[PDB]
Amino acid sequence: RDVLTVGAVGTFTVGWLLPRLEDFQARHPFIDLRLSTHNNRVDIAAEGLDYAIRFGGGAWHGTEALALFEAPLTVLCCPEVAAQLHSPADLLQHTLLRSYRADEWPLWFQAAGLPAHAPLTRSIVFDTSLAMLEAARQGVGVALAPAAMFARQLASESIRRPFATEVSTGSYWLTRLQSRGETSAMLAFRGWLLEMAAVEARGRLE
């Protein structure tokens, strides 16, 4: 009375949602929110979610998806490794940490004005950017991830952005099953989340 269950990708939950969720609970004291995290293969029905927030193109079968904001990808690494990089061409001297989406590194090299390499060895594939950024922190390799999800780390200087080049491969989306009606707590949560998302998208042009 009333129950609301939301699942979000872990990187989005700890990098973005949780810093703002105190605002939601103040403005909606009566909604009992059940937040869980997942790794972007979330199955709404199996986990009992009303909404799932995930990353990609917004065209998931059986799903209605509302765009929140873009998450452009950039190179992120430890200061150790950052000092050793002068041009993006130096990157092939390092382990390239990557996600299961295999075209992010060639897409980014393109955006940097380099051929569309194509990194199979040496490289390690990560289910979550959190695991990828922790590996990058520990000097294992060079990460390619959304800067806007690791703002704290960057502002604390605990990790570094060595280049300006970005590439836009996906957005964060609020998704829901077409099969299910939107409850009143769902509508309340959606309104608050869209407001917060608009401030974020607005901030990146600002």
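The first residue of the shown sequence is 1; numbering continues from there.
> So which stretch wins on mean C-alpha B-factor, 103 to 111 or 129 to 137?
For C-alpha atoms only, the mean B-factor is higher in 103 to 111.
> Look up the CA B-factors in the entry and say which stretch, 62 to 70 or 29 to 37, has the higher mean.
That would be 29 to 37.
> What third of the chain, by the recorded C-alpha B-factor, contains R202?
It belongs to the lowest third of the chain when residues are ordered by C-alpha B-factor.
> Against its chain's modelled residues, does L97's Cα B factor rank lowest, middle or highest third?
Bottom third by C-alpha B-factor.
> Could you tell me which third, lowest, middle or highest, the C-alpha B-factor of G48 occupies within its chain?
Ranked within chain, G48 CA B lands in the highest tercile.
> Based on the deposited C-alpha B factors for this chain, I'd like to know if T175 is in the lowest, middle or highest third.
For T175, whose C-alpha B-factor we compare with every modelled residue in the chain, the answer is the lowest third.
> Ranking every modelled residue in this chain by its Cα temperature factor as given in the entry, which third contains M149?
CA B-factor rank for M149: middle third.
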